[PDB]
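Before any comments, here is the structure.
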Amino acid sequence: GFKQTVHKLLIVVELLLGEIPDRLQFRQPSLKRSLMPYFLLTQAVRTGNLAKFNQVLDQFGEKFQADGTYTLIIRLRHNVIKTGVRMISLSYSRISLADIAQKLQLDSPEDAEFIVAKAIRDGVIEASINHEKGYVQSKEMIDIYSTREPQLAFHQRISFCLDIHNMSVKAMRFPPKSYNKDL
Amino acid sequence: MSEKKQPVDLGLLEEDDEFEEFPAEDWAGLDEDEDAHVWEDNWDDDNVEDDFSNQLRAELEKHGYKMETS
Amino acid sequence: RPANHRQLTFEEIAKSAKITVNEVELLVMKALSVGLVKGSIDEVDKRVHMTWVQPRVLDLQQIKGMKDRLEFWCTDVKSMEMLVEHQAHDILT
Amino acid sequence: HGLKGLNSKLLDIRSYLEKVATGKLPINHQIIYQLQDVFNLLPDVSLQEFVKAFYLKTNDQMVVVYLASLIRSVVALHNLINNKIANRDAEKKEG
Amino acid sequence: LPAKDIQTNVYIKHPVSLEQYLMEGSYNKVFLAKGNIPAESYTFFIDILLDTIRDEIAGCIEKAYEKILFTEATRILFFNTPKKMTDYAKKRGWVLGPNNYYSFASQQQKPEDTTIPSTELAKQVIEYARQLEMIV
Amino acid sequence: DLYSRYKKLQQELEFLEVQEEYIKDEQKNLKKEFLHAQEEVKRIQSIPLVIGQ
């Protein structure tokens with residue numbers, strides 16, 4: 001009954017990164033009714049339709065926009081295109097001028113490479129900016145560290161995991177002392 | 001403290017007082033087909049289902065016409 | 001050159017032996033046929049990788065460099081021994 | 001072990017380097033060529049090919065991590081159960 | 001700030017719309033919207049804001065991960081006044097090729113020799129014998 | 001008596017604090033003796049033997 005706030009704000013701040021995990025493993029008839037008005041828009045984030053969903057939000061929006069100051073939703077109204085272009089980063093490399101530009105509701109040469117470059121300057125993605133005949137290419141290498149500097153990759157994973165599991169070993173050494181303390 | 005849950009439960013009582021058993025039955029129209037089904041798969045099936053609810057829901061009957069045209 | 005990219009190319013062999021590029025394969029084949037060198041090169045573009053070899057006469061710059069690299073190895077093993085044993089003896093003993 | 005090699009090598013190469021410059025009465029200098037040869041048979045390998053070997057030995061390290069964490073987590077059963085069932089029952093039955 | 005005081009004036013929603021455009025980063029809408037501001041006398045201060053963000057916009061557009069051609073800098077950059085190619089030649093300190101901007105020192109770093117991380121792994125093993133066997 | 005309990009108690013602080021490294025020595029040494037006697041009674045069990053019923 002209380003975790004609907006940390007879960008609600010949790011998914012609200014999780015859908016900003018483009019990947020929004022819905023309610024999968026928890027079955028309780030409180031977060032369902034809490035998420036019923038938010039479900040249409042949190043499902044509408046991934047598709048990323050600007051003009052339609054812009055009217056869909058304020059259309060039936062009462063409580064999630066009446067929560068106050070509409071800050072993160074007024075940032076979401078222009079974050080739809082950033083999560084959409086991040087889905088383009090999860091999509092193929094070559095960017096066309098009509099197919100994918102018309103698909104992204106943005107048909108112009110300047111703002112295409114300009115806003116895509118605004119997504120490149122973030123640092124969360126990887127691209128190869130090259131201009132040979134006018135088209136903008138990208139290497140989009142999202143290959144994981146498998147056989148690519150593994151020791152430096154999961155080195156901190158081994159150190160941190162052994163630190164947490166080792167302080168858990170302390171957490172299984174001390175409670176036995178708190179057991180044998182009285183006898 | 002466990003005492004701050006009371007006003008949140010009052011907000012849940014207000015949400016329950018908005019519609020009286022309207023989302024339970026109206027949403028139960030789909031829950032009767034969703035009951036006892038793994039809700040982990042209902043996120044993908046509901047994702048593609050709601051994604052195709054606008055247009056090109058089935059699209060398999062149209063491929064037979066799209067073979068000669070594309 | 002004992003270290004620092006021992007890998008080389010046939011340009012130094014052909015330049016020092018004033019021989020063409022067609023005979024360097026027979027030259028290294030004879031070098032491997034004598035048995036004084038065991039060098040096997042996995043190159044694609046022409047390269048010359050070598051292995052164990054014996055001077056058999058003398059080298060003074062390799063005596064001084066032997067003292068340099070030898071003292072360096074000794075002080076590095078000593079540095080690792082004092083480093084690991086320093087706190088290791090205090091925490092484990 | 002580092003002292004076990006440190007006293008030997010450090011104890012030998014000092015008189016060795018002394019007899020290099022201050023030596024006569026041939027000490028079989030012929031074997032010195034094999035000495036420095038074998039010493040130069042490891043010319044500071046760049047470790048480029050052995051990276052995958054560090055991935056193998058470090059993967060075995062990960063196996064030891066999972067064995068230690070999981071097995072110790074199994075050992076925590078009897079301790080983290082007896083600590084409760086013994087203390088609360090001895091306390092509730094003490095008086 | 002959304003205290004619902006007026007909410008209908010262009011100056012109340014101007015900073016949040018300009019800051020949201022800053023989150024988008026689109027400079028064409030700001031330049032085309034320069035003449036949309038009314039006779040309100042803070043337009044020169046808006047030009048001061050553009051003067052203090054032009055270093056970040058021009059700095060981010062000239063990141064040059066691989067390479068960029070001058071034909072895009074003609075439109076994206078400011079007017080034909082050679083202030084950017086002069087000040088940025090003494091600020092960035094890069095090479096000027098045949099009407100092209102070259103990018104060096106990009107993903108040129110050589111990987112490690114695996115010697116130092118092996119030493120810190122040995123120290124981590126020392127800490128593993130420490131924490132695993134300290135109370136004993 | 002009221003203010004003397006501090007400095008008088010400090011002697012108990014030292015007397016109880018001195019037992020830390022002591023119980024460290026006992027817990028580190030008596031397990032070494034435990035593996036000494038453990039391997040000593042383990043090596044008694046020899047392979048050459050007679051089989052009964």
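In the structure tokens, each chain is lettered A, B, ... as it comes, each chain's residues begin at 1, and ligands are numbered from 1 in order of appearance.
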
Can you pull out every residue within 12 Å of residue A:123, counting only C-alpha atoms, but drop anything in the same chain fewer than 2 positions away, and send it as a ChimeraX atom specification?
-> /A:86,89,117-121,125-127 /E:60,63,65

Just-selected residues, C-alpha atoms written as a PDB file, in the first residue's frame:
```
ATOM      1  CA  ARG A  86      17.551   6.796 -28.397  1.00  0.00           C
ATOM      2  CA  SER A  89      20.309   4.622 -31.530  1.00  0.00           C
ATOM      3  CA  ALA A 117      24.370  15.250 -32.580  1.00  0.00           C
ATOM      4  CA  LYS A 118      22.671  16.524 -29.418  1.00  0.00           C
ATOM      5  CA  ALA A 119      22.061  12.844 -28.655  1.00  0.00           C
ATOM      6  CA  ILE A 120      25.708  12.042 -29.448  1.00  0.00           C
ATOM      7  CA  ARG A 121      27.088  14.685 -27.068  1.00  0.00           C
ATOM      8  CA  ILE A 125      25.671   6.052 -27.009  1.00  0.00           C
ATOM      9  CA  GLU A 126      28.488   5.445 -29.507  1.00  0.00           C
ATOM     10  CA  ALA A 127      28.562   6.800 -33.056  1.00  0.00           C
TER      11      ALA A 127
ATOM     12  CA  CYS E  60      29.601  20.517 -28.246  1.00  0.00           C
ATOM     13  CA  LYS E  63      33.506  17.779 -30.387  1.00  0.00           C
ATOM     14  CA  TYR E  65      34.670  12.348 -32.485  1.00  0.00           C
TER      15      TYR E  65
END
```

Tell me which protein, DNA and RNA residues are within 12 Å of residue D:50, counting only C-alpha atoms, leaving out same-chain ones fewer than 5 positions away, and put them as a list in words.
-> residues 149 and 151 of chain A; 45, 55, 56, 57 and 58 of chain D; 113, 114 and 115 of chain E

Could you write out the selected residues, including C-alpha atoms, as an mmCIF file, in the first residue's frame?
```cif
data_model
loop_
_atom_site.group_PDB
_atom_site.id
_atom_site.type_symbol
_atom_site.label_atom_id
_atom_site.label_comp_id
_atom_site.auth_asym_id
_atom_site.auth_seq_id
_atom_site.Cartn_x
_atom_site.Cartn_y
_atom_site.Cartn_z
ATOM 1 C CA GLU A 149 39.384 -6.021 -22.241
ATOM 2 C CA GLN A 151 39.901 -8.022 -16.817
ATOM 3 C CA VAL D 45 56.691 -10.069 -23.098
ATOM 4 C CA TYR D 55 40.472 -14.061 -18.683
ATOM 5 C CA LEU D 56 40.658 -17.820 -18.074
ATOM 6 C CA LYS D 57 42.449 -17.620 -14.717
ATOM 7 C CA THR D 58 40.230 -14.687 -13.721
ATOM 8 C CA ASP E 113 50.491 -3.608 -20.058
ATOM 9 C CA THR E 114 48.420 -5.674 -17.547
ATOM 10 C CA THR E 115 51.300 -5.342 -15.049
#
```

Please return as a PyMOL selection string: the residues of chain C that backbone DSSP assigns to helix (DSSP H, G or I).
-> chain C and resi 10-16+24-34+61-91

What does the file look like for those residues with C-alpha atoms, as a PDB file, in the first residue's frame?
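again08.pdb written:
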```
ATOM      1  CA  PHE C  10      63.575  -8.298 -44.223  1.00  0.00           C
ATOM      2  CA  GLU C  11      64.719  -4.791 -45.216  1.00  0.00           C
ATOM      3  CA  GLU C  12      67.604  -4.906 -42.726  1.00  0.00           C
ATOM      4  CA  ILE C  13      68.651  -8.394 -43.850  1.00  0.00           C
ATOM      5  CA  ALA C  14      68.531  -7.511 -47.552  1.00  0.00           C
ATOM      6  CA  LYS C  15      70.215  -4.165 -46.850  1.00  0.00           C
ATOM      7  CA  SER C  16      73.036  -5.663 -44.768  1.00  0.00           C
ATOM      8  CA  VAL C  24      65.723 -13.975 -48.203  1.00  0.00           C
ATOM      9  CA  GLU C  25      63.409 -16.988 -47.885  1.00  0.00           C
ATOM     10  CA  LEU C  26      66.271 -19.310 -48.827  1.00  0.00           C
ATOM     11  CA  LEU C  27      68.513 -17.308 -46.482  1.00  0.00           C
ATOM     12  CA  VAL C  28      66.262 -17.786 -43.450  1.00  0.00           C
ATOM     13  CA  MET C  29      65.620 -21.361 -44.601  1.00  0.00           C
ATOM     14  CA  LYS C  30      69.368 -21.999 -44.484  1.00  0.00           C
ATOM     15  CA  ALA C  31      69.532 -20.202 -41.128  1.00  0.00           C
ATOM     16  CA  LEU C  32      66.928 -22.634 -39.792  1.00  0.00           C
ATOM     17  CA  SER C  33      68.681 -25.521 -41.570  1.00  0.00           C
ATOM     18  CA  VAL C  34      71.975 -24.924 -39.743  1.00  0.00           C
ATOM     19  CA  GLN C  61      77.500  -3.597 -23.804  1.00  0.00           C
ATOM     20  CA  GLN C  62      75.497  -6.710 -22.902  1.00  0.00           C
ATOM     21  CA  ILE C  63      77.619  -7.139 -19.772  1.00  0.00           C
ATOM     22  CA  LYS C  64      76.825  -3.584 -18.674  1.00  0.00           C
ATOM     23  CA  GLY C  65      73.238  -3.946 -19.869  1.00  0.00           C
ATOM     24  CA  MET C  66      73.234  -7.308 -18.103  1.00  0.00           C
ATOM     25  CA  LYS C  67      74.126  -5.489 -14.883  1.00  0.00           C
ATOM     26  CA  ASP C  68      71.429  -2.882 -15.577  1.00  0.00           C
ATOM     27  CA  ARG C  69      68.565  -5.270 -16.356  1.00  0.00           C
ATOM     28  CA  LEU C  70      69.812  -7.717 -13.711  1.00  0.00           C
ATOM     29  CA  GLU C  71      69.943  -5.076 -10.970  1.00  0.00           C
ATOM     30  CA  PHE C  72      66.544  -3.829 -12.162  1.00  0.00           C
ATOM     31  CA  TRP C  73      65.039  -7.319 -11.879  1.00  0.00           C
ATOM     32  CA  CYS C  74      66.642  -7.789  -8.454  1.00  0.00           C
ATOM     33  CA  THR C  75      65.401  -4.465  -7.069  1.00  0.00           C
ATOM     34  CA  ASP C  76      61.940  -5.125  -8.522  1.00  0.00           C
ATOM     35  CA  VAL C  77      61.721  -8.554  -6.879  1.00  0.00           C
ATOM     36  CA  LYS C  78      63.003  -6.933  -3.681  1.00  0.00           C
ATOM     37  CA  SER C  79      60.429  -4.147  -4.030  1.00  0.00           C
ATOM     38  CA  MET C  80      57.598  -6.657  -4.457  1.00  0.00           C
ATOM     39  CA  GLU C  81      58.922  -8.705  -1.528  1.00  0.00           C
ATOM     40  CA  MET C  82      59.032  -5.689   0.792  1.00  0.00           C
ATOM     41  CA  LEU C  83      55.666  -4.465  -0.512  1.00  0.00           C
ATOM     42  CA  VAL C  84      53.716  -7.719  -0.155  1.00  0.00           C
ATOM     43  CA  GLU C  85      55.612  -8.921   2.926  1.00  0.00           C
ATOM     44  CA  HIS C  86      55.363  -5.496   4.607  1.00  0.00           C
ATOM     45  CA  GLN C  87      51.634  -5.558   5.369  1.00  0.00           C
ATOM     46  CA  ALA C  88      51.290  -9.298   4.689  1.00  0.00           C
ATOM     47  CA  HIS C  89      53.571 -10.159   7.613  1.00  0.00           C
ATOM     48  CA  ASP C  90      51.675  -7.686   9.810  1.00  0.00           C
ATOM     49  CA  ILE C  91      48.195  -9.026   8.985  1.00  0.00           C
TER      50      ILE C  91
END
```

Could you give me, as JSON lines, every chain F residue with an atom at most 12 Å from chain E, plus its closest atom pair and distance in Å to one decimal, counting only C-alpha atoms, rows ordered by chain then number?
```
{"residue": "F:20", "atom": "CA", "partner": "E:135", "partner_atom": "CA", "distance": 10.5}
{"residue": "F:21", "atom": "CA", "partner": "E:135", "partner_atom": "CA", "distance": 10.2}
{"residue": "F:23", "atom": "CA", "partner": "E:135", "partner_atom": "CA", "distance": 9.9}
{"residue": "F:24", "atom": "CA", "partner": "E:135", "partner_atom": "CA", "distance": 7.0}
{"residue": "F:25", "atom": "CA", "partner": "E:136", "partner_atom": "CA", "distance": 9.7}
{"residue": "F:26", "atom": "CA", "partner": "E:136", "partner_atom": "CA", "distance": 10.2}
{"residue": "F:27", "atom": "CA", "partner": "E:136", "partner_atom": "CA", "distance": 6.8}
{"residue": "F:28", "atom": "CA", "partner": "E:136", "partner_atom": "CA", "distance": 6.0}
{"residue": "F:29", "atom": "CA", "partner": "E:136", "partner_atom": "CA", "distance": 9.7}
{"residue": "F:30", "atom": "CA", "partner": "E:136", "partner_atom": "CA", "distance": 10.8}
{"residue": "F:31", "atom": "CA", "partner": "E:136", "partner_atom": "CA", "distance": 9.1}
{"residue": "F:32", "atom": "CA", "partner": "E:136", "partner_atom": "CA", "distance": 10.8}
```

Could those residues be written to a file, using C-alpha atoms, as a PDB file, in the first residue's frame?
```
ATOM      1  CA  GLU F  20      41.376  -9.228  23.053  1.00  0.00           C
ATOM      2  CA  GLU F  21      44.813 -10.162  21.708  1.00  0.00           C
ATOM      3  CA  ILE F  23      41.664 -14.626  22.847  1.00  0.00           C
ATOM      4  CA  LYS F  24      43.080 -13.912  19.385  1.00  0.00           C
ATOM      5  CA  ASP F  25      46.154 -15.959  20.318  1.00  0.00           C
ATOM      6  CA  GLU F  26      44.031 -18.782  21.735  1.00  0.00           C
ATOM      7  CA  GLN F  27      41.655 -18.894  18.765  1.00  0.00           C
ATOM      8  CA  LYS F  28      44.551 -18.792  16.282  1.00  0.00           C
ATOM      9  CA  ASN F  29      46.724 -21.347  18.115  1.00  0.00           C
ATOM     10  CA  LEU F  30      44.199 -23.915  19.368  1.00  0.00           C
ATOM     11  CA  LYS F  31      42.924 -24.500  15.829  1.00  0.00           C
ATOM     12  CA  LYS F  32      46.505 -25.068  14.675  1.00  0.00           C
TER      13      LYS F  32
END
```

Expected answer as a compact mmCIF listing (two decimals) with C-alpha atoms, in the first residue's frame: chain A residues within 6 Å of chain D, only C-alpha atoms:
```txt
# COMPACT_ATOMS: atom_id res chain seq x y z
CA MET A 172 27.13 -14.33 9.11
CA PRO A 176 26.57 -16.09 15.82
CA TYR A 179 23.94 -15.82 19.70
```

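Interface residues of chain A facing chain B, defined by any atom at most 7 Å away and using only C-alpha atoms, are residues 1, 2, 24 and 25 of chain A.
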
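If you take only C-alpha atoms and a cut-off of 6 Å, the residues of chain E that reach chain A are residues 2, 66 and 67 of chain E.
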
Any chance you could tabulate, as CSV, the residues of chain D at most 9 Å from chain E with each one's nearest atom pair and distance in Å to one decimal, using only C-alpha atoms, in chain and rising number order?
```
residue,atom,partner,partner_atom,distance
D:46,CA,E:113,CA,6.6
D:47,CA,E:113,CA,6.7
D:48,CA,E:113,CA,8.0
D:51,CA,E:114,CA,8.0
```

Grab the atom CA of residue A:50 to atom CA of residue A:105 distance for me, in Å with one decimal place.
-> 7.8 Å

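Taking atom CA of residue A:32 and atom CA of residue B:25 as endpoints, the distance between them is 13.6 Å.
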
Quick one: which residues from chain D are at most 10 Å off chain C, using only C-alpha atoms, as a PDB file with N, CA, C and O atoms, in the first residue's frame?
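Listing of iface-v7.pdb after writing:
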```pdb
ATOM      1  N   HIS D   1      58.798 -16.487   0.239  1.00  0.00           N
ATOM      2  CA  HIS D   1      59.459 -16.973  -0.970  1.00  0.00           C
ATOM      3  C   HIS D   1      60.287 -15.876  -1.631  1.00  0.00           C
ATOM      4  O   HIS D   1      61.363 -16.146  -2.181  1.00  0.00           O
ATOM      5  N   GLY D   2      59.805 -14.631  -1.577  1.00  0.00           N
ATOM      6  CA  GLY D   2      60.555 -13.530  -2.157  1.00  0.00           C
ATOM      7  C   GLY D   2      61.883 -13.293  -1.468  1.00  0.00           C
ATOM      8  O   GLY D   2      62.845 -12.856  -2.104  1.00  0.00           O
ATOM      9  N   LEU D   3      61.952 -13.567  -0.164  1.00  0.00           N
ATOM     10  CA  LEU D   3      63.235 -13.553   0.526  1.00  0.00           C
ATOM     11  C   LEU D   3      64.036 -14.814   0.233  1.00  0.00           C
ATOM     12  O   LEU D   3      65.272 -14.773   0.236  1.00  0.00           O
ATOM     13  N   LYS D   4      63.353 -15.930  -0.041  1.00  0.00           N
ATOM     14  CA  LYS D   4      64.051 -17.171  -0.360  1.00  0.00           C
ATOM     15  C   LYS D   4      64.762 -17.084  -1.704  1.00  0.00           C
ATOM     16  O   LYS D   4      65.763 -17.776  -1.920  1.00  0.00           O
ATOM     17  N   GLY D   5      64.260 -16.257  -2.617  1.00  0.00           N
ATOM     18  CA  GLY D   5      64.967 -16.007  -3.857  1.00  0.00           C
ATOM     19  C   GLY D   5      65.827 -14.764  -3.769  1.00  0.00           C
ATOM     20  O   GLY D   5      66.823 -14.624  -4.488  1.00  0.00           O
ATOM     21  N   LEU D   6      65.449 -13.855  -2.866  1.00  0.00           N
ATOM     22  CA  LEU D   6      66.170 -12.594  -2.728  1.00  0.00           C
ATOM     23  C   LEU D   6      67.540 -12.801  -2.094  1.00  0.00           C
ATOM     24  O   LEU D   6      68.520 -12.176  -2.510  1.00  0.00           O
ATOM     25  N   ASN D   7      67.629 -13.665  -1.079  1.00  0.00           N
ATOM     26  CA  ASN D   7      68.926 -13.921  -0.463  1.00  0.00           C
ATOM     27  C   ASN D   7      69.840 -14.713  -1.388  1.00  0.00           C
ATOM     28  O   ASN D   7      71.060 -14.507  -1.378  1.00  0.00           O
ATOM     29  N   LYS D   9      69.684 -14.900  -5.013  1.00  0.00           N
ATOM     30  CA  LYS D   9      70.096 -14.069  -6.141  1.00  0.00           C
ATOM     31  C   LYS D   9      70.935 -12.886  -5.675  1.00  0.00           C
ATOM     32  O   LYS D   9      71.995 -12.601  -6.242  1.00  0.00           O
ATOM     33  N   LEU D  10      70.472 -12.182  -4.639  1.00  0.00           N
ATOM     34  CA  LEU D  10      71.222 -11.041  -4.124  1.00  0.00           C
ATOM     35  C   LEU D  10      72.574 -11.474  -3.571  1.00  0.00           C
ATOM     36  O   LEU D  10      73.562 -10.737  -3.676  1.00  0.00           O
ATOM     37  N   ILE D  13      74.714 -12.560  -7.227  1.00  0.00           N
ATOM     38  CA  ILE D  13      75.039 -11.602  -8.278  1.00  0.00           C
ATOM     39  C   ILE D  13      75.989 -10.508  -7.819  1.00  0.00           C
ATOM     40  O   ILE D  13      76.565  -9.811  -8.661  1.00  0.00           O
ATOM     41  N   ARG D  14      76.177 -10.336  -6.509  1.00  0.00           N
ATOM     42  CA  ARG D  14      77.132  -9.340  -6.033  1.00  0.00           C
ATOM     43  C   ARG D  14      78.564  -9.818  -6.239  1.00  0.00           C
ATOM     44  O   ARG D  14      79.384  -9.118  -6.844  1.00  0.00           O
ATOM     45  N   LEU D  17      79.065 -10.073 -10.105  1.00  0.00           N
ATOM     46  CA  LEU D  17      79.451  -8.800 -10.707  1.00  0.00           C
ATOM     47  C   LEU D  17      80.841  -8.366 -10.262  1.00  0.00           C
ATOM     48  O   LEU D  17      81.541  -7.671 -11.007  1.00  0.00           O
ATOM     49  N   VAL D  20      83.185 -10.270 -12.412  1.00  0.00           N
ATOM     50  CA  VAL D  20      83.104  -9.879 -13.818  1.00  0.00           C
ATOM     51  C   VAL D  20      84.274  -8.970 -14.179  1.00  0.00           C
ATOM     52  O   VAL D  20      85.027  -9.239 -15.121  1.00  0.00           O
ATOM     53  N   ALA D  21      84.440  -7.879 -13.431  1.00  0.00           N
ATOM     54  CA  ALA D  21      85.514  -6.931 -13.694  1.00  0.00           C
ATOM     55  C   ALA D  21      86.812  -7.290 -12.985  1.00  0.00           C
ATOM     56  O   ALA D  21      87.893  -7.069 -13.543  1.00  0.00           O
ATOM     57  N   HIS D  29      84.045 -18.673 -18.508  1.00  0.00           N
ATOM     58  CA  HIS D  29      83.228 -17.608 -19.079  1.00  0.00           C
ATOM     59  C   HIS D  29      82.294 -18.111 -20.174  1.00  0.00           C
ATOM     60  O   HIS D  29      81.349 -17.404 -20.540  1.00  0.00           O
ATOM     61  N   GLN D  30      82.537 -19.313 -20.706  1.00  0.00           N
ATOM     62  CA  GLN D  30      81.683 -19.850 -21.760  1.00  0.00           C
ATOM     63  C   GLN D  30      80.252 -20.050 -21.273  1.00  0.00           C
ATOM     64  O   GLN D  30      79.297 -19.796 -22.017  1.00  0.00           O
ATOM     65  N   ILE D  31      80.080 -20.497 -20.026  1.00  0.00           N
ATOM     66  CA  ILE D  31      78.743 -20.706 -19.482  1.00  0.00           C
ATOM     67  C   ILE D  31      78.027 -19.400 -19.181  1.00  0.00           C
ATOM     68  O   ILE D  31      76.802 -19.398 -19.007  1.00  0.00           O
ATOM     69  N   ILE D  32      78.757 -18.284 -19.125  1.00  0.00           N
ATOM     70  CA  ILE D  32      78.124 -16.990 -18.894  1.00  0.00           C
ATOM     71  C   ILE D  32      77.275 -16.586 -20.094  1.00  0.00           C
ATOM     72  O   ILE D  32      76.246 -15.915 -19.939  1.00  0.00           O
ATOM     73  N   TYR D  33      77.666 -17.003 -21.301  1.00  0.00           N
ATOM     74  CA  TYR D  33      76.858 -16.707 -22.479  1.00  0.00           C
ATOM     75  C   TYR D  33      75.511 -17.413 -22.409  1.00  0.00           C
ATOM     76  O   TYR D  33      74.483 -16.846 -22.801  1.00  0.00           O
ATOM     77  N   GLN D  34      75.494 -18.653 -21.915  1.00  0.00           N
ATOM     78  CA  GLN D  34      74.228 -19.343 -21.698  1.00  0.00           C
ATOM     79  C   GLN D  34      73.463 -18.728 -20.532  1.00  0.00           C
ATOM     80  O   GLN D  34      72.227 -18.699 -20.539  1.00  0.00           O
ATOM     81  N   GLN D  36      73.433 -15.388 -19.495  1.00  0.00           N
ATOM     82  CA  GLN D  36      72.754 -14.194 -19.984  1.00  0.00           C
ATOM     83  C   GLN D  36      71.798 -14.519 -21.124  1.00  0.00           C
ATOM     84  O   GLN D  36      70.839 -13.775 -21.359  1.00  0.00           O
ATOM     85  N   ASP D  37      72.038 -15.619 -21.840  1.00  0.00           N
ATOM     86  CA  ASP D  37      71.122 -16.037 -22.896  1.00  0.00           C
ATOM     87  C   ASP D  37      69.773 -16.444 -22.312  1.00  0.00           C
ATOM     88  O   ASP D  37      68.722 -15.937 -22.723  1.00  0.00           O
ATOM     89  N   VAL D  38      69.788 -17.361 -21.340  1.00  0.00           N
ATOM     90  CA  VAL D  38      68.554 -17.778 -20.681  1.00  0.00           C
ATOM     91  C   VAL D  38      67.923 -16.609 -19.937  1.00  0.00           C
ATOM     92  O   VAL D  38      66.692 -16.502 -19.862  1.00  0.00           O
ATOM     93  N   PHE D  39      68.745 -15.708 -19.392  1.00  0.00           N
ATOM     94  CA  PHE D  39      68.194 -14.509 -18.769  1.00  0.00           C
ATOM     95  C   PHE D  39      67.512 -13.609 -19.792  1.00  0.00           C
ATOM     96  O   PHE D  39      66.560 -12.897 -19.452  1.00  0.00           O
ATOM     97  N   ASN D  40      67.979 -13.625 -21.039  1.00  0.00           N
ATOM     98  CA  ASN D  40      67.368 -12.861 -22.117  1.00  0.00           C
ATOM     99  C   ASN D  40      66.377 -13.680 -22.934  1.00  0.00           C
ATOM    100  O   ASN D  40      65.948 -13.224 -23.999  1.00  0.00           O
ATOM    101  N   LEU D  41      66.005 -14.870 -22.468  1.00  0.00           N
ATOM    102  CA  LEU D  41      64.951 -15.645 -23.109  1.00  0.00           C
ATOM    103  C   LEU D  41      63.556 -15.186 -22.709  1.00  0.00           C
ATOM    104  O   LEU D  41      62.570 -15.714 -23.234  1.00  0.00           O
ATOM    105  N   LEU D  42      63.449 -14.222 -21.796  1.00  0.00           N
ATOM    106  CA  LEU D  42      62.175 -13.615 -21.411  1.00  0.00           C
ATOM    107  C   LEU D  42      62.326 -12.107 -21.562  1.00  0.00           C
ATOM    108  O   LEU D  42      62.532 -11.387 -20.576  1.00  0.00           O
ATOM    109  N   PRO D  43      62.233 -11.590 -22.799  1.00  0.00           N
ATOM    110  CA  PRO D  43      62.502 -10.173 -23.072  1.00  0.00           C
ATOM    111  C   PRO D  43      61.311  -9.252 -22.815  1.00  0.00           C
ATOM    112  O   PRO D  43      60.929  -8.449 -23.670  1.00  0.00           O
ATOM    113  N   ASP D  44      60.721  -9.368 -21.624  1.00  0.00           N
ATOM    114  CA  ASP D  44      59.601  -8.527 -21.202  1.00  0.00           C
ATOM    115  C   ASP D  44      58.437  -8.628 -22.190  1.00  0.00           C
ATOM    116  O   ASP D  44      58.123  -7.689 -22.926  1.00  0.00           O
ATOM    117  N   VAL D  45      57.819  -9.814 -22.210  1.00  0.00           N
ATOM    118  CA  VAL D  45      56.691 -10.069 -23.098  1.00  0.00           C
ATOM    119  C   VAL D  45      55.625  -8.999 -22.903  1.00  0.00           C
ATOM    120  O   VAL D  45      55.335  -8.578 -21.778  1.00  0.00           O
ATOM    121  N   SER D  46      55.039  -8.549 -24.015  1.00  0.00           N
ATOM    122  CA  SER D  46      54.040  -7.486 -23.989  1.00  0.00           C
ATOM    123  C   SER D  46      52.702  -7.931 -23.413  1.00  0.00           C
ATOM    124  O   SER D  46      51.799  -7.093 -23.299  1.00  0.00           O
TER     125      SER D  46
END
```

Could you give me, as a Markdown table, a per-residue list for chain E showing, wherever an atom lies at most 8 Å from an atom of chain C, the closest pair of atoms and their distance in Å to one decimal, using only C-alpha atoms and sorting by chain then residue number from low to high?
```
| residue | atom | partner | partner_atom | distance |
| --- | --- | --- | --- | --- |
| E:123 | CA | C:84 | CA | 7.5 |
| E:126 | CA | C:88 | CA | 6.7 |
| E:129 | CA | C:92 | CA | 7.7 |
| E:130 | CA | C:91 | CA | 6.3 |
| E:133 | CA | C:92 | CA | 7.9 |
| E:134 | CA | C:91 | CA | 7.2 |
```

Atoms to include: C-alpha atoms. Write the selected residues as an mmCIF file, in the first residue's frame.
```cif
data_model
loop_
_atom_site.group_PDB
_atom_site.id
_atom_site.type_symbol
_atom_site.label_atom_id
_atom_site.label_comp_id
_atom_site.auth_asym_id
_atom_site.auth_seq_id
_atom_site.Cartn_x
_atom_site.Cartn_y
_atom_site.Cartn_z
ATOM 1 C CA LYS E 123 46.995 -6.378 -3.195
ATOM 2 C CA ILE E 126 46.247 -9.642 0.319
ATOM 3 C CA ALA E 129 43.471 -13.160 3.113
ATOM 4 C CA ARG E 130 43.069 -10.194 5.476
ATOM 5 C CA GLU E 133 41.304 -14.532 7.728
ATOM 6 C CA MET E 134 41.612 -11.671 10.221
#
```
